[PDB]
Amino acid sequence: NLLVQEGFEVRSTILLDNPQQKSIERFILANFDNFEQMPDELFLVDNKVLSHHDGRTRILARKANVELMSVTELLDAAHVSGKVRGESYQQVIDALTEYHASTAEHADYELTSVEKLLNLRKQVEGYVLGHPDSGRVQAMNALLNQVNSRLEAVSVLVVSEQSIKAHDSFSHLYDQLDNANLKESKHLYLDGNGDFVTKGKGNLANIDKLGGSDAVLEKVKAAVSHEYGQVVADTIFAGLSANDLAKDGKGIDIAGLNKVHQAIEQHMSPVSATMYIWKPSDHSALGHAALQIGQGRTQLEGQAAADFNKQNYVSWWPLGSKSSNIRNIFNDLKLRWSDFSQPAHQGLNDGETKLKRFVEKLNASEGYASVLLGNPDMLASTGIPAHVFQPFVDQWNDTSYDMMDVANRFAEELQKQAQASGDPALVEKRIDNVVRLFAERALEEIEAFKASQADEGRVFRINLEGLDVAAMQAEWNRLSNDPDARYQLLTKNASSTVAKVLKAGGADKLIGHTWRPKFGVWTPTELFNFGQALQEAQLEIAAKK
Ligand SMILES: [Cl-]
Ligand SMILES: [Cl-]
């Protein structure tokens with residue numbers, strides 16, 4: 001047989017764990033049945049016994065094998081003849097795709113592959129929250145059970161655990177609205193488990209018995225309180241009427257649930273966003289705009305809060321990626337307007353020089369190939385499909401340092417791809433744009449920062465209240481989280497990207513009417529005046545209470 005040493009270890013490298021030196025040890029070897037057939041890791045935390053083999057965490061016993069369905073398996077299970085796949089169904093399919101993607105080169109308990117898993121849960125739940133009569137629900141429920149089995153097995157080993165939002169949070173509810181796509185007059189009800197649900201067909205009874213019970217309103221209150229404490233819950237419900245809470249003044253519809261959402265936000269964080277407007281003293285020069293989205297309801301601490309902050313910063317490219325792209329093409333730098341709005345009581349030279357000698361070096365397409373294969377984060381923004389470039393990226397990276405032949409062979413492929421498309425002008429412009437448009441844009445920005453440090457203009461700030469932060473965060477996430485979204489930022493004003501994010505957060509509702517910039521195009525001077533009208537709208541709203 002084999003001996004066990006100090007969790008524990010076994011040797012003929014196979015770890016073993018008990019939650020420690022009790023009579024639970026008697027239950028352990030009982031389960032164990034064989035010699036070479038042993039999982040790398042094995043655990044005993046509760047009535048559940050769990051193992052980690054390869055990259056996969058499983059829950060083995062409670063004294064049942066659980067495969068998450070593949071996308072095609074799900075296509076077979078959610079199939080409903082005659083019906084088109086709607087956005088809600090697409091959001092799920094995509095989230096499942098992104099998940100199985102992550103278990104390929106990660107352990108299931110890594111935070112990346114858990115955030116993936118959570119989003120799946122988030123997307124399934126909202127599927128059902130918003131489409132209770134869909135012929136899809138059976139398959140969704142089957143998938144949901146699978147996900148929760150996965151979360152349960154895995155969370156034991158997730159290191160932080162903080163990102164995992166309690167099943168009884170206000171967040172865990174609110175998160176479902178995104179993929180629910182619910183009409184706001186729709187009410188929330190509770191089922192025979194007291195879970196949140198909406199009803200369509202068995203509807204009439206619930207519709208008739210509305211004032212009859214407050215279990216729904218009290219569940220929502222209980223949720224807020226479990227997450228934000230009784231003080232927050234007391235305070236924000238104290239100033240929410242019954243008709244704020246529901247069109248008809250009974251229970252809670254979705255409009256109401258959003259008012260609970262926003263209310264929590266104003267409480268935790270009075271300002272929704274800060275708009276920055278750089279007005280250079282003018283070399284016949286260009287003005288700049290950016291927006292910092294606040295933290296709203298979000299409860300994060302330390303490093304993760306700083307990260308969240310940087311990722312909520314709106315410009316012509318997401319900030320973490322801009323930063324790395326800039327280093328990558330050469331190899332700390334701070335690239336926010338907030339960084340230069342300090343005034344005299346407490347890099348941009350090595351980066352400015354390097355970038356000047358890059359654009360002008362680019363202003364003279366074989367060289368291009370070398371740059372994209374260096375920057376794959378940017379190469380995916382060119383519109384060339386992964387399966388085409390990756391062979392070459394791979395060749396460049398690992399295979400023997402035989403670089404220049406590959407760089408040349410890649411350039412050839414780019415032209416075969418431009419022809420295939422049936423619009424080569426367009427393919428070629430897009431590659432060109434990624435490569436060099438980004439360089440020029442980053443350069444011009446760094447130069448504005450410098451111009452501000454050398455006091456050659458003025459950075460204006462507008463602090464905006466009353467907008468839907470979460471909404472703004474999500475919009476900006478759309479606009480920046482895939483390689484295409486980014487190409488779409490690259491080729492427009494920061495001013496307009498900002499205006500799209502403001503509009504997501506409720507801007508127009510605030511101002512009252514639809515705002516149109518002169519000619520229909522955003523500029524920093526347009527954003528500014530917009531900014532100012534939004535501020536005037538808030539006072540003529542908060543002063544109304
Ligand atoms: Cl949506
Ligand atoms: Cl800009």
# chains A, B, ... in the order shown; residues from 1 in each chain; ligands from 1
$ residues_near_ligand --ligand "ligand 2" --cutoff "9 Å" --atoms "only C-alpha atoms and all ligand atoms" --output "list in words"
residues 286, 287, 288, 289, 290, 315, 316, 441, 444, 445, 492, 493, 494, 495, 523 and 524 of chain A
$ write_last_selection --atoms "N, CA and C atoms" --output "tab-separated table (two decimals), in the first residue's frame"
chain	number	residue	atom	x	y	z
A	286	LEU	N	-6.52	70.57	-31.44
A	286	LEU	CA	-7.69	69.72	-31.20
A	286	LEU	C	-8.06	69.66	-29.72
A	287	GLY	N	-9.35	69.78	-29.42
A	287	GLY	CA	-9.87	69.65	-28.05
A	287	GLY	C	-10.08	68.19	-27.73
A	288	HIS	N	-10.16	67.85	-26.45
A	288	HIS	CA	-10.35	66.45	-26.07
A	288	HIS	C	-11.46	66.27	-25.10
A	289	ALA	N	-12.10	65.09	-25.15
A	289	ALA	CA	-13.13	64.71	-24.18
A	289	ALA	C	-12.92	63.29	-23.66
A	290	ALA	N	-13.26	63.09	-22.39
A	290	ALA	CA	-13.29	61.78	-21.75
A	290	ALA	C	-14.34	61.80	-20.65
A	315	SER	N	-12.85	56.65	-23.28
A	315	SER	CA	-12.06	57.41	-24.25
A	315	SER	C	-12.23	56.71	-25.61
A	316	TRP	N	-11.27	56.85	-26.50
A	316	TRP	CA	-11.36	56.27	-27.83
A	316	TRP	C	-10.84	54.85	-27.87
A	441	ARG	N	-3.19	58.46	-32.75
A	441	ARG	CA	-4.15	58.89	-31.75
A	441	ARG	C	-3.58	58.95	-30.35
A	444	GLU	N	-1.12	61.89	-30.20
A	444	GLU	CA	-1.77	63.20	-30.12
A	444	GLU	C	-2.31	63.47	-28.71
A	445	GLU	N	-2.72	62.40	-28.03
A	445	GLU	CA	-3.26	62.46	-26.68
A	445	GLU	C	-2.17	62.78	-25.67
A	492	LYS	N	-13.79	56.79	-34.46
A	492	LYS	CA	-14.64	57.96	-34.17
A	492	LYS	C	-14.09	58.80	-33.00
A	493	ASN	N	-14.55	60.04	-32.88
A	493	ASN	CA	-14.42	60.83	-31.64
A	493	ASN	C	-14.67	60.15	-30.30
A	494	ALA	N	-13.72	60.33	-29.38
A	494	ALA	CA	-14.07	60.24	-27.97
A	494	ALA	C	-15.36	60.98	-27.56
A	495	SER	N	-15.55	62.21	-28.04
A	495	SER	CA	-16.78	62.94	-27.74
A	495	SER	C	-18.03	62.11	-27.95
A	523	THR	N	-18.65	66.94	-30.56
A	523	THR	CA	-17.35	67.59	-30.47
A	523	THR	C	-17.24	67.84	-29.00
A	524	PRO	N	-16.01	68.13	-28.51
A	524	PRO	CA	-15.91	68.44	-27.10
A	524	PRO	C	-16.73	69.67	-26.71
$ residues_near_ligand --ligand "ligand 1" --cutoff "12 Å" --atoms "only C-alpha atoms and all ligand atoms" --output "list in words"
residues 86, 87, 88, 89, 90, 91, 92, 122, 123, 126, 127, 130, 175, 176, 177, 178, 179, 180, 181, 182, 183, 471, 474, 475, 478 and 504 of chain A
$ select_by_dssp --residues "segment 239-378 of chain A" --states "alpha helix (DSSP H)" --output "MDAnalysis selection string"
chainID A and resid 242:245 254:268 303:311 319:328 350:362 366:374 376:378
$ atom_distance --atom1 "atom CA of residue 396 of chain A" --atom2 "atom CA of residue 108 of chain A"
29.6 Å
$ residues_around --residues "residue 242 of chain A" --least-positions-apart "6" --cutoff "10 Å" --atoms "only C-alpha atoms" --output "PDB file with N, CA, C and O atoms, in the first residue's frame"
ATOM      1  N   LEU A 217     -42.275  42.940  -2.346  1.00  0.00           N
ATOM      2  CA  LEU A 217     -41.630  44.167  -1.902  1.00  0.00           C
ATOM      3  C   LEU A 217     -40.696  43.892  -0.741  1.00  0.00           C
ATOM      4  O   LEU A 217     -39.626  44.465  -0.673  1.00  0.00           O
ATOM      5  N   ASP A 248     -49.152  50.798 -11.066  1.00  0.00           N
ATOM      6  CA  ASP A 248     -50.512  50.681 -10.545  1.00  0.00           C
ATOM      7  C   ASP A 248     -50.575  50.893  -9.042  1.00  0.00           C
ATOM      8  O   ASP A 248     -51.660  50.922  -8.468  1.00  0.00           O
ATOM      9  N   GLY A 249     -49.406  50.992  -8.407  1.00  0.00           N
ATOM     10  CA  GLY A 249     -49.306  51.280  -6.972  1.00  0.00           C
ATOM     11  C   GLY A 249     -49.435  50.073  -6.061  1.00  0.00           C
ATOM     12  O   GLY A 249     -49.783  50.218  -4.886  1.00  0.00           O
ATOM     13  N   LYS A 250     -49.157  48.886  -6.606  1.00  0.00           N
ATOM     14  CA  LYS A 250     -49.234  47.622  -5.872  1.00  0.00           C
ATOM     15  C   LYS A 250     -48.051  46.702  -6.264  1.00  0.00           C
ATOM     16  O   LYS A 250     -47.807  46.438  -7.450  1.00  0.00           O
ATOM     17  N   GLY A 251     -47.312  46.226  -5.265  1.00  0.00           N
ATOM     18  CA  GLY A 251     -46.109  45.407  -5.487  1.00  0.00           C
ATOM     19  C   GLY A 251     -44.885  46.127  -6.077  1.00  0.00           C
ATOM     20  O   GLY A 251     -44.461  47.179  -5.603  1.00  0.00           O
ATOM     21  N   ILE A 252     -44.300  45.523  -7.107  1.00  0.00           N
ATOM     22  CA  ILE A 252     -43.116  46.048  -7.756  1.00  0.00           C
ATOM     23  C   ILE A 252     -43.103  45.634  -9.195  1.00  0.00           C
ATOM     24  O   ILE A 252     -42.998  44.446  -9.498  1.00  0.00           O
ATOM     25  N   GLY A 256     -40.187  50.155 -11.232  1.00  0.00           N
ATOM     26  CA  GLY A 256     -39.946  50.328  -9.799  1.00  0.00           C
ATOM     27  C   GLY A 256     -38.588  49.769  -9.397  1.00  0.00           C
ATOM     28  O   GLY A 256     -37.831  50.405  -8.671  1.00  0.00           O
TER      29      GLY A 256
END
$ closest_residue --among "A:98, A:413, A:168, A:440" --to "residue 361 of chain A" --atoms "only C-alpha atoms"
A:440
$ select_by_dssp --residues "segment 32-183 of chain A" --states "strand (DSSP E)" --output "list in words"
residues 41, 42, 43, 44, 48, 49, 50, 51, 52, 53, 56, 57, 58, 59, 60, 61 and 62 of chain A
$ residues_around --residues "residue 277 of chain A" --least-positions-apart "2" --cutoff "9 Å" --atoms "only C-alpha atoms" --output "VMD selection string"
chain A and resid 275 279 287 to 291 337 458 to 462 524 to 525 527 to 528
$ write_last_selection --atoms "C-alpha atoms" --output "mmCIF file, in the first residue's frame"
data_model
loop_
_atom_site.group_PDB
_atom_site.id
_atom_site.type_symbol
_atom_site.label_atom_id
_atom_site.label_comp_id
_atom_site.auth_asym_id
_atom_site.auth_seq_id
_atom_site.Cartn_x
_atom_site.Cartn_y
_atom_site.Cartn_z
ATOM 1 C CA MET A 275 -16.811 64.642 -17.844
ATOM 2 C CA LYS A 279 -9.588 73.185 -24.303
ATOM 3 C CA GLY A 287 -9.868 69.654 -28.051
ATOM 4 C CA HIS A 288 -10.350 66.451 -26.069
ATOM 5 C CA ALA A 289 -13.126 64.711 -24.177
ATOM 6 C CA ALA A 290 -13.287 61.781 -21.747
ATOM 7 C CA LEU A 291 -15.683 60.502 -19.078
ATOM 8 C CA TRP A 337 -7.574 63.482 -17.766
ATOM 9 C CA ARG A 458 -7.412 74.337 -19.501
ATOM 10 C CA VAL A 459 -9.019 71.042 -18.445
ATOM 11 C CA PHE A 460 -12.703 71.487 -17.605
ATOM 12 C CA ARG A 461 -14.607 69.065 -15.366
ATOM 13 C CA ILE A 462 -18.269 68.490 -15.033
ATOM 14 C CA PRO A 524 -15.908 68.439 -27.096
ATOM 15 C CA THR A 525 -17.639 71.842 -27.233
ATOM 16 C CA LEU A 527 -20.371 67.530 -25.119
ATOM 17 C CA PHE A 528 -19.609 70.386 -22.803
#
$ residues_around --residues "residue 54 of chain A" --least-positions-apart "2" --cutoff "12 Å" --atoms "only C-alpha atoms" --output "mmCIF file with C-alpha atoms, in the first residue's frame"
data_model
loop_
_atom_site.group_PDB
_atom_site.id
_atom_site.type_symbol
_atom_site.label_atom_id
_atom_site.label_comp_id
_atom_site.auth_asym_id
_atom_site.auth_seq_id
_atom_site.Cartn_x
_atom_site.Cartn_y
_atom_site.Cartn_z
ATOM 1 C CA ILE A 14 -1.457 13.344 -4.742
ATOM 2 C CA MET A 38 -6.834 8.598 -7.740
ATOM 3 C CA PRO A 39 -7.596 12.274 -8.383
ATOM 4 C CA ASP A 40 -4.666 14.746 -8.114
ATOM 5 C CA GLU A 41 -6.510 16.539 -5.325
ATOM 6 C CA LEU A 42 -9.360 15.490 -3.013
ATOM 7 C CA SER A 51 -11.973 16.324 -6.242
ATOM 8 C CA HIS A 52 -9.723 18.302 -8.583
ATOM 9 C CA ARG A 56 -11.834 20.281 -13.244
ATOM 10 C CA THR A 57 -13.530 20.527 -9.864
ATOM 11 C CA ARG A 58 -16.299 17.979 -9.160
ATOM 12 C CA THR A 103 -11.597 25.858 -19.312
ATOM 13 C CA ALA A 104 -9.186 25.096 -22.174
ATOM 14 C CA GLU A 105 -6.172 26.950 -20.780
ATOM 15 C CA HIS A 106 -7.401 27.627 -17.235
ATOM 16 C CA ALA A 107 -8.303 25.715 -14.108
ATOM 17 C CA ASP A 108 -12.040 26.070 -13.407
ATOM 18 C CA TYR A 109 -11.295 27.765 -10.054
#
$ residues_around --residues "residue 271 of chain A" --least-positions-apart "2" --cutoff "10 Å" --atoms "only C-alpha atoms" --output "ChimeraX atom specification"
/A:265-269,273-274,293-296,463-467,469
$ atom_distance --atom1 "atom CA of residue 32 of chain A" --atom2 "atom CA of residue 20 of chain A"
17.2 Å
